[PDB]
Structure formats: structure tokens, C-alpha cells
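What the coordinates show
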Amino acid sequence: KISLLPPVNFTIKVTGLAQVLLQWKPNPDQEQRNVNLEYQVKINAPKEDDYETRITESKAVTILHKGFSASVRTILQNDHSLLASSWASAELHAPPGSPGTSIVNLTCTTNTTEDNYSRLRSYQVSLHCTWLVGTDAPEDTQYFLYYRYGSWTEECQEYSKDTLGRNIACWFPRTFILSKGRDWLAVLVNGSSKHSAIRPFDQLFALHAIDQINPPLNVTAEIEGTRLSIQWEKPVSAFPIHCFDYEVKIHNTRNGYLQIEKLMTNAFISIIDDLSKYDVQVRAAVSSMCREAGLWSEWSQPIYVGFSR
Amino acid sequence: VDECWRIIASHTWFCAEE
């Protein structure tokens, strides 16, 4: 019967925007090349997490404005037992700054658009951010926003300010964000003043949670006698034709009857009443086959059909 | 070298975007 020995020289380095590198070394006394002892890492704060690794380092993505706390230990898992050393721990102190100076209510929206003319036929993502000034933030502070997607990091330059000159919004017409992206967009906003020091704020956004899908265009509807035909084009997006869920709303303006069709197609042909005026709208979302559930687009601006006479 | 990114808040791993 014997036990394990804890790792040493446990460090935590800020390598990037919401990006940390955890490093440590194997305990000198323990066995050298026992290839099936590994390391367990536990994140104690801000959010509790737990995972294994076999390397003496670990890169991780997490917010850093609330500080950071991690523990690492040596483990050996038989499938009857788990053997564990004591924890070695390390921390990153919460960034300096008086209370309430930090930005509140950060909101971010991405949108897919196209170029212009024959430069290349592709898609740009635009990023729009808004927020409120810190409540007791000294009237002098200026706020600055950075974002990181993948390897790319940028600072904004097109700001919208309030009445006392402070940045409360940001506009990126062109960005490094992938239109079909799965990765996490990291946004940091720090600030500066002559008096007090300002608490930086930062957030992690999954693209599917903030991608503002565009509305379907050229919604066309016609009634020929008893036959109703609705067509519409796939919205402006990098995701192809077969990746969209559609909801077609057919509203009877006379009696308020509301017919809603859910379909993955681009045209709906069916039967309807001659003698009522209808307004139709269509909205779209990205299918779960192509990406985890996200947001619905706005409704197409309504078109009218029936009672042509 | 040769490890993925640990997405902490989502308890997940992330590698690439081929």
C-alpha cells in the first residue's frame, strides 16, 4: 500500500483574451515513466469544472474579470479504485478596480451579409455591441472593446457615444468571425480614467446564441382559383439551402384564422379559400442538423393575396 | 503542444474548424 505525490510549480498564465495556460511539473519523487498516471484539473472559480489530461499543461477558455482559481492533482484510475494525491493550487486575482465601475448589460449581435460586387462572391460577418455605463463610474472614464475569435484579436474603432462622450456601443462592419462558425466569440471591455481604476468586463458568446439570422427575401404568393402557391428564397447566409427550418404564417385578415406551416422546403402549394384576403409572412432558423438551436429570423415584411378583385 | 482548448463554462473540448 502506497499513495501518490502532488504536482509542483503549478502556474497559471494569461496567454490571451479569455485564454489561460496552466503549467506544472511532475513531482520529482514519484515514479518517472509510469505512463498511466495522469493529472486531474479542477476549476474552483468562477464556474466549477473538472477534467483529465496527460500533459503537464492545459490551455483553457474562460472569462477572467471575476478572477480565476484552479487546482491540479496526480491520479491513477483503476476501474475498482481511484488513487489521488493532494491538490496543488493556483490563482489569478480578480483585476483591480473599485465597485460598480464595471460595464453592465453587455449585448452582442452578429449578422451575415455579402461583399458588394465581383471582388469575391462570399460573406462577411458584422458584429454589433451595446451596453450601459457603470453606475458609479467617474464621469471621465472611457471604455474600450476588444474581441477574439480563434487566433484573431481586434479592437473596435467605430463607437457610438452618449451625451457625456462615453462609448456605449460598438460596430464592426467586417470581422474575422466565421459565417459557419462553431467556436466561441470572446469579448472584453476594459476602461480608463484619471481618478479611480476601472473593473474590466468580459463575456463568452456561442455564435448560435447571437447570430441574427436574416429574413427570407422575395416572398411571393399567388392564388389561382382554389390553389395557393407561396415561394420564397433562402435568406442571406453561408449555410446552404438544405439547412433551414421555415415557418410560413398565413393570416386570414377577415376572421383572424392563423395557419402556420413548419417545413424545410422553399415552396408551399396547397388549397385555400377564394373569398378571403390573406397576408403571408415567413421566417427562418438554422436546422439542428447543421448547428445547435439558435434564433429565429424576423418575419418577412407581410405580403397580401386574395380579394384581388 | 497537441492538446485541445478546454471550454470551461460548457464542460467541453474544442479543436478546429476544418
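Residues numbered from 1 in each chain as written, not as in the entry; some residues may be left out. Chains lettered and ligands numbered in written order. Heavy atoms only, no water.

**With respect to the sheet that holds strand β10 (residues 123-132) of chain A**
Residue and element names in this part refer to chain A. Quick reminder of the rule: For two strands to be treated as a pair, DSSP must find at least two bridges joining them. What counts as a helix is a DSSP run of H or I of at least four residues, what counts as a strand is a run of E of at least two, and both are numbered from the N terminus. Axis definition: a line fitted to C-alpha atoms, over the contacting stretch in the case of helices. Angles run 0 to 180 degrees between N-to-C directions.
Read across the open sheet, the four strands follow the order β9-β10-β14-β13; overall the sheet is antiparallel. With partners counted over all chains shown, the strands left at the sheet margins are β9 (104-114) and β13 (159-161), one partner each. When strand polarity is set aside, the average angle formed by the axes of neighbouring strands in this sheet is 15°. For β13 and strand β14 (residues 167-172), the ladder comprises three bridges, and the chain directions are antiparallel. Residue pairing across strands places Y159 opposite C170, the latter belonging to β14.

**Some thoughts on the UniProt feature "disulfide bond" in chain A**
All names here are of chain A. Condition: The disulfide criterion is simple: two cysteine sulfur atoms within 2.5 Å. UniProt positions are given in the numbering used here, feature names are shortened, and annotations may be inferred rather than shown by experiment. Burial status follows relative accessibility: with a 1.4 Å probe on protein chains alone, a residue under 20% of its type maximum counts as buried, one over 50% as exposed, and anything between as partly exposed.
The sulfur-sulfur separation between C108 and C129, a disulfide according to UniProt, is 2.0 Å, below the 2.5 Å limit, so the bridge is formed here. Of this pair, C108 sits in strand β9 while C129 sits in strand β10; the two residues are 21 residues apart in sequence, bridging distant segments of the chain. The class of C108 is buried, set by a relative accessible area of 5%. By relative accessible area, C129 is classed as buried at 2%.

**Considering empty space enclosed by the protein**
Residue and element names in this part refer to chain A. Note the following rule: Think of a 1 Å grid over just the protein atoms. A cavity is a set of points where a 1.4 Å probe fits yet cannot get out, a pocket is an open set with protein on both sides within 12 Å along at least five of seven lines, and lining residues have an atom within 4 Å of a point. Grid points are joined across faces, edges and corners, and a volume is the space filled by probe spheres set on the points. The nonpolar class holds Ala, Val, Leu, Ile, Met, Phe, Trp, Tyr, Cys and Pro. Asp, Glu, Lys and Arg form the charged class, and all remaining residues, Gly among them, are polar. Source of the domain bounds: an automatic or database domain assignment.
This model, assessed by the stated rule, comprises two cavities of 30 Å³ or more. One number sums up the size of the largest cavity: a volume of about 60 Å³. Surrounding the largest cavity, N111, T112, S179, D211, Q212, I213, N214, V236, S237 and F239 form its lining. For the lining of the largest cavity, a count of residues per class yields three nonpolar, six polar and one charged. Split by domain, the residues of the lining of the largest cavity number at least three in each of domain 2 (98-210) and domain 3 (211-309). Forming the walls of the second largest cavity are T110, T112, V125, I177, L178, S179, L207, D211 and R291. Looking at the lining of the second largest cavity, its residues break down into four nonpolar, three polar and two charged.

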